RNA sequence: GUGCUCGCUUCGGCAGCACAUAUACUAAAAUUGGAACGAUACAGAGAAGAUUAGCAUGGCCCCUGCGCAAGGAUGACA
């Protein structure tokens, strides 16, 4: 959802890969699930 | 149409007479076609040589070896 040169609030479909870098840090379902993997191996040192 | 004829003829009318003499792309309407360098989309270094590494050839000067041609000076008793 962009604006044109005159600011007309249009919707465009672009293909130039220049603002496409995904962030995906510390708050994603995929990243969170990958962190949850091997969580069973983290239950050894039970600090009571 | 206006006005007039000593006309027919009546004021209800008629016949003739003078003037009027040739506008308009004419158009209100009919329809189906072909259409940007305007936007968004892409690209965007939108002005450079379009290169530098060796060796061999070619020119000049020596040195050495071999060949060809023509030569110079010298050496050897029993």
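No Cβ is skipped: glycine too gets one built from the backbone with ideal geometry, and neighbour counts run over all protein chains shown. Every number in this text was worked out from the coordinates using simple rules, so none of it is lab data.
So here's what we get for this one:
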{"read-out": "Order of A:34, A:46 under a 10 Å beta carbon neighbour criterion, fewest first", "value": "A:46, A:34"}
{"read-out": "Residues A:24, A:13 arranged by fewest to most Cβ contacts within 10 Å", "value": "A:13, A:24"}
{"read-out": "Along principal axes, Cα extents of chain A, largest first, whole Å", "value": "64, 21, 13"}
{"read-out": "For A:47, A:18, order by how many other beta-carbon atoms lie within 10 Å, fewest first", "value": "A:47, A:18"}
{"read-out": "Calculated FRET value between residue A:32 and residue A:4, using beta carbons and R₀ = 35 Å, to 0.05", "value": "0.35"}
